[PDB]
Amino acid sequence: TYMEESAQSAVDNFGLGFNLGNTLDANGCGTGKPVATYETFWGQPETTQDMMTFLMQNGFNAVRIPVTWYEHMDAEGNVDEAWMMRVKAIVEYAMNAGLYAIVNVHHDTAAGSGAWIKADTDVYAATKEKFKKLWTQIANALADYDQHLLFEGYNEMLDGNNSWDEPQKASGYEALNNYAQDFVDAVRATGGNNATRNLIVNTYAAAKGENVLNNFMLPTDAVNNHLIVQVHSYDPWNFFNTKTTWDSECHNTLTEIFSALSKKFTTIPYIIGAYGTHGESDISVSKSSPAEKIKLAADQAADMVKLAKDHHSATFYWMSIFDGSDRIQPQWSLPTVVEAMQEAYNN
């Protein structure tokens, strides 16, 4: 049964969140393959009900489900039925487990080959109707799920130069803001539960610098309080390689980030939709990292979780805590990181 819930209520209920990363967002094997060829292409197992059940069983209340779509669309932009069914299936696993879930449009943005959604007015002109047709299909396919399911328009939209901090042209922000409006428009048009479903729109690059926040424009929505803004955080950049301890620089960096976010968005809720130790040369923590580096990861995660709580936000860990063959067991990959998160959330 669908029960309308405000965006802030949803965020307040997300609790500890997790990203099912490098899974349905994996891509690159080409078209015309069985669904599992995509889902396992970046070294994750096929997702099962047990994995979602495990998250709920262990103190997590929300899961972000990244999805990359471009190899699953025909020339007209129609989504392959096998692919849409699998997205539906993993969504249902999360719903069954009692979790909140987010479905997005993932490596259709950013620097990967195949990205086609870009913060560039010419790219926007060429792709706007394709983007709306995609969201119309996703919204229709997922329409009957209750308010625990949210839609996120796009992941990490960059300009045509893949500029990670800010677009090289100010009009890049216009394009982004227009995509965000088109996403909301297309979803709302499908009606039913989607008339009041909570929707998530991301900043440029999911970044949070002064210019990016000042040039973000929240879409107009005919219903009240059903929009959430999302940013990501791997800050201070490359700390996993340069630091042995989560020190005052690290702490102050995060406190200042949340201060800036809360002063920008006031009444509009926001989330940290992805965070972790991922730094230069995409190095990140694993269970074979030195103990000191695992502690560094735990301290980051605890700080992120408690600061988000203080700021009426919520957080979603990018991958590392529940990874690879550990998902099959199911067991945590990084139990000390999770213990720190749990302490931070429940106090």
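Sequential numbering from 1, following the sequence displayed.
Q: Mean Cα B factor from the PDB record: higher for 233 to 241, or higher for 209 to 217?
A: Here the higher of the two C-alpha B-factor means belongs to 209 to 217.
Q: Could you check which stretch, 252 to 260 or 271 to 279, carries the larger mean CA temperature factor in the entry?
A: Stretch with the higher mean C-alpha B-factor: 252 to 260.
Q: Just grab whichever of 29, 304, 62, 65 has the top CA B-factor as deposited.
A: Most elevated C-alpha B-factor of the set, per the entry: 29.
Q: Please pick out which of 164, 116, 154, 124 has the largest Cα B-factor as recorded in the entry.
A: Highest CA B-factor of the listed options: 164.
Q: How does the C-alpha B factor of residue 222 compare with the rest of the chain: lowest, middle or highest third?
A: Top third by C-alpha B-factor.
Q: According to the PDB entry, is the CA B factor of residue 247 in the bottom, middle or top third of its chain, that is, lowest, middle or highest?
A: Middle third of the chain for residue 247's C-alpha B-factor.
Q: Sorting the chain's CA B-factors, does residue 296 end up in the lowest, middle or highest third?
A: Middle third, going by the recorded CA B-factors of the chain.
Q: Taking the C-alpha B-factors as the PDB entry records them, is residue 132 in the lowest, middle or highest third of its chain?
A: It falls in the middle third of the chain.
Q: Against its chain's modelled residues, does residue 341's Cα B factor rank lowest, middle or highest third?
A: For residue 341, whose C-alpha B-factor we compare with every modelled residue in the chain, the answer is the lowest third.
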